[PDB]
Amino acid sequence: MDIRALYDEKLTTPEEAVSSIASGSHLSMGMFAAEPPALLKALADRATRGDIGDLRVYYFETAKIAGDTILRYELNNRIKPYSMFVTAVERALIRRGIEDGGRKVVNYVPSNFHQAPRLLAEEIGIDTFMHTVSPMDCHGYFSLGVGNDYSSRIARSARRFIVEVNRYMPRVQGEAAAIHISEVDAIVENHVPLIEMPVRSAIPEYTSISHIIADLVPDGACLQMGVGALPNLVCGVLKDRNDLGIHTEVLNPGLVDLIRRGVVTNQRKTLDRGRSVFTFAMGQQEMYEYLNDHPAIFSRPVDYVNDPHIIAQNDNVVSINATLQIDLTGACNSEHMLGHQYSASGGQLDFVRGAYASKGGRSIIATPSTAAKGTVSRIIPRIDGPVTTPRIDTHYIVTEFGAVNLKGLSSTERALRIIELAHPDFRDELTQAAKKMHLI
């Protein structure tokens, strides 16, 4: 089996590589940084030329890469976004559509991220899959790098798999993370830095928040850190710990810093002992570079990583997630769009459930108590509509004013303890609302 010959055989231009994708078919691509820019630019060009139509693209975790190519508003009639998370890119599209005669331009597909591999392969069906990969090694394998998720599965289930080789994509070890040249239909090469998450600055509230959380992290904790600035930054208060583990949905810079520092050994885990487990990674160049050939990091597919039964196997799980609002029932909301709920597709609830089921486990959902320079309360009477984390599932809630374990508390006990986590400026107003709702 000659790999070098197979490679040359499949190597081609972005233009020719995407030239065969059928109108009326289903396409998917990797998450975030994995989105292949050369391939997506060439696909967008096809649409611009009017050479493809009715192409449904099903995907999670949008990046400017897709935002600026296939997803551009002008192509919305030809490349139809079947978005499975609604992010800043989709929010902008949706608002533009509303302005343009109330046009629906984003087709949200409700789902559980943890079920994405089966949903895409079996319910939806994907004909073409495209993903950035690390360069082929001397045994004929590419790596999915920062992506496993549903990507490992759809790379195989799709009729055609097209890869974009990028020397900047780290070579990552993981379950089905390695792709043999024989599993690939076409190859293009494009060496450019991976897209980064924005770096964010700490706010004063994070000191209290991080301090409160630290007191809640037991010896040998097995960490998951949710998306957002808060869990990424709170991670740093654990610099002084030892023998921590990682089993997380998203691998972020804060977690990788703990690995770098030797804080994370993974020696107290039941599953994947000795290796930090994640399903996809987002960060900056320093983090991406560090992942390359790292023998103590191991990606796994999302249907493993985000299975609460699997999460719970490891003792002393600590899940730290952020939210946008907490209401007086103890329900939480991470959705930016008022009156909508797309964020429930995320893996937050998987870890809320999984951490609580872990022996010695704790789920923490945290937020500053206010927004807009202290003028807006993030502790509210009642969330408008369907929630992200239901009140029956919430475990620990934290603001800069303290922590409350909600499990086993009555609705009266909950409302009273939650009001005390609000900023003093709002407690009277919240107490009256609770009275009106008959929560107390």
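Residues carry their position along the shown sequence, with the first being 1.
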Regarding 122-130 and 101-109, which shows the higher C-alpha temperature factor on average in the entry? 101-109
Mind pulling up the entry and telling me whether 339-347 or 316-324 has the higher mean Cα temperature factor? 339-347
From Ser377, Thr399, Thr394, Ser410, can you pick the one with the highest C-alpha B factor in the entry? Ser377
Listed options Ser334, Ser208, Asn306, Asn252: highest C-alpha B factor recorded at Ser208
Select lowest, middle or highest to describe the third in which the CA B-factor of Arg56 falls within its chain in this entry. middle
Compared with the other modelled residues in the chain, in which third is the CA B-factor of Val237? highest
Using only modelled residues of the chain, where does the Cα B factor of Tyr73 rank: lowest third, middle third or highest third? highest
For the chain shown, is the CA B-factor of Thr48 in the lowest, middle or highest third of its modelled residues? highest
Please say which third, lowest, middle or highest, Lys359 falls into when its CA temperature factor is compared across its chain. middle
